[PDB]
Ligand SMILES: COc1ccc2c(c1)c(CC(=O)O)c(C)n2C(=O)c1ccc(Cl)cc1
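Just the one chain here, the form solved without indomethacin, laid out as structure tokens.
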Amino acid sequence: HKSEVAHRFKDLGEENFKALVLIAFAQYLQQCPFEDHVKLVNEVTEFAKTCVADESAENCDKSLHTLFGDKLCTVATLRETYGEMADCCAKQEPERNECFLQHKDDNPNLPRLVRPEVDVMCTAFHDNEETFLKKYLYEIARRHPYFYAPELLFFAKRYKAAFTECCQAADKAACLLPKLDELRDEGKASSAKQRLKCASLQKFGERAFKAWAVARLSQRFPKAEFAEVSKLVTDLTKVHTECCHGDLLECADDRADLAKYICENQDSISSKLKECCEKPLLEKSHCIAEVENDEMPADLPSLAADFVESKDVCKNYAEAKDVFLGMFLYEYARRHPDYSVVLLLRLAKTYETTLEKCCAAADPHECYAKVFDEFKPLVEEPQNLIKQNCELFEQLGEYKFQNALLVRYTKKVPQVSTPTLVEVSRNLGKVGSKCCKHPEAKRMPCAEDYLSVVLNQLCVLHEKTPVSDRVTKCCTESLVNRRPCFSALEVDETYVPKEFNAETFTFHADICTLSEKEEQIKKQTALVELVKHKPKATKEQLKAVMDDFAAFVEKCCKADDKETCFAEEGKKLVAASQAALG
């Protein structure tokens, strides 16, 4: 209509409109208290009601960017609080929005999240459900300025459901706390993925993202014609570029436009969009993004015919290299949803390389004949790693598998800080228990998802604390070969053992009153420091000390005087270990 505010309000819903407006303003004004934002939201809401009533009231036909900016400049203490952001309020559209976007340093140290007792929150929730979820969004929004506001709304919907059920049950802490921790982990995991996707765009460029998207969309929509997948990738690239740039308004519009188009052509894209295209406008974008892979046509031509066996390959390559390479990805990706996107890019990379030499050669059809024998090792490598690692995950527990990784990676890079080694290994153990549950046809894509974000946190951690040139090489190299680089890491033979530190290997009765997580991390920290001090001790000898130490703790914890038991007999264990490890 004449006004956009009216449409959006009516196209979305008052309560959802009031939420997005709250997040939108909270992401910029990361200082102004909660009560201030509520006033900002109400003023905007009432204004939108005026726009809903009169389709041409005072400043009602203005664009969202314009209207948003005007209200953002209305704040009194703007240059007196945020600093350079106020110079943007002296500009005009569309440069003013571009300004605001620039001055958005997403690292303003804020008071750490203060989680009270389980009953005070439940009481506050019940008294005012609406405002309890409003304060949730505010506190999160200002802490994650680049977090996609709609995605934060699905995190608030789960937050309500958790509190709605767990505040009614007998043991509220044995329902809520675990559910709250899971969300907090899911939230940081979602955040990390967005910032990784964006960092990759600002490193390898649009063409690189396009290649990633083709491979992924072809896996999800293995029926959709190539011309359709290309058009979806072209829209996804523009959507991803405006979201990484920091424009929530254009990001949310382009996502809505794409969600609408996908839902209007589902018969020509996928049959698995039936229930996603049932939902409201805002949930369409989210549902479609996590949509299950469609079944692949059984009557598919052999992909080796049009790319190797054919004698028009070089001729069909010359016409449009990227189009032809895109078709190769499309055909390979849709035939192999059990492959990681990263593996398919290794194959797509290899094929390009081989066509860039063999097509300029004397006899091409002779040169690139055996190109599919070059993929076999590229495919077998990850498959062999998964099968070998998932087998070992069955043999031991989850915690016992983490101990195996602890030893494995400490021996490889013993210079890395214990906490980084513990955090990485524990996370990597949880990948095993969340992927090995599936069969071979789901494991690799499952692994890729989790490994991508686990390997990036390590790379970010190591960049703040540079320690190994090898780890720097792995983090700075091609994103495709990131995981292979870490896999290829050899045991450090140069490394000289850390000297024995009594403080490091002294435990008390205090450990008995630690949660399973706390206890495990204390024990796993001690294991890393054992390998850093005995890096050439065998899996045999480590297992011996670990078990001797495991039996040691589960022998005085809940025993007649546990304070002396863990000090007196604890010293004997150290001495008993110091006899077998020189």
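Residue numbers here begin at 1 and follow the sequence given.
Relative to its counterpart among 424-432 and 501-509, 501-509 has the higher mean temperature factor, C-alpha atoms as listed in the PDB entry. Stretch comparison (178-186 versus 338-346) by mean CA B-factor in the PDB entry places 178-186 on top. When the C-alpha B factors of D171, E264, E490, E381 are read from the deposited coordinates, the top value falls at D171. Of all the options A26, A53, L542, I521, the entry's greatest CA B-factor is assigned to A53. Ranked by C-alpha B-factor against the other modelled residues of its chain, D547 falls in the middle third. Sort the chain's modelled residues by C-alpha temperature factor and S302 lands in the highest third, per the entry.
Placement of the Cα temperature factor of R482 within the chain: lowest third of the modelled residues, per the deposited record. Ranked by C-alpha B-factor against the other modelled residues of its chain, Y148 falls in the middle third.
Compared with the other modelled residues of the chain, the Cα B-factor recorded for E290 ranks in the middle third.
Beyond the structure shown, there is the form deposited with indomethacin bound, which is absent from this document and is the topic of what follows.
At the 4.5 Å threshold, heavy atoms of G187 reach indomethacin in the deposited complex. Taking the partner from the other structure, indomethacin in the deposited complex has no heavy atom within 4.5 Å of any heavy atom of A360. When contacts are judged by a 4.5 Å heavy atom cut-off, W212 counts as touching indomethacin in the deposited complex. Shown alone here, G205 lies within 4.5 Å of indomethacin in the deposited complex, counting heavy atoms only.
For the candidate set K272, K197, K91, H126, a heavy atom within 4.5 Å of indomethacin in the deposited complex is found for exactly one residue, namely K197. Though indomethacin is absent from this view, in the deposited complex it lies within 4.5 Å of a heavy atom of just one residue from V496, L113, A174, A304, which is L113.
Residues of 150-174 lying near indomethacin in the deposited complex, listed in sequence order, are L152, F155, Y159, the criterion being any heavy atom within 4.5 Å.
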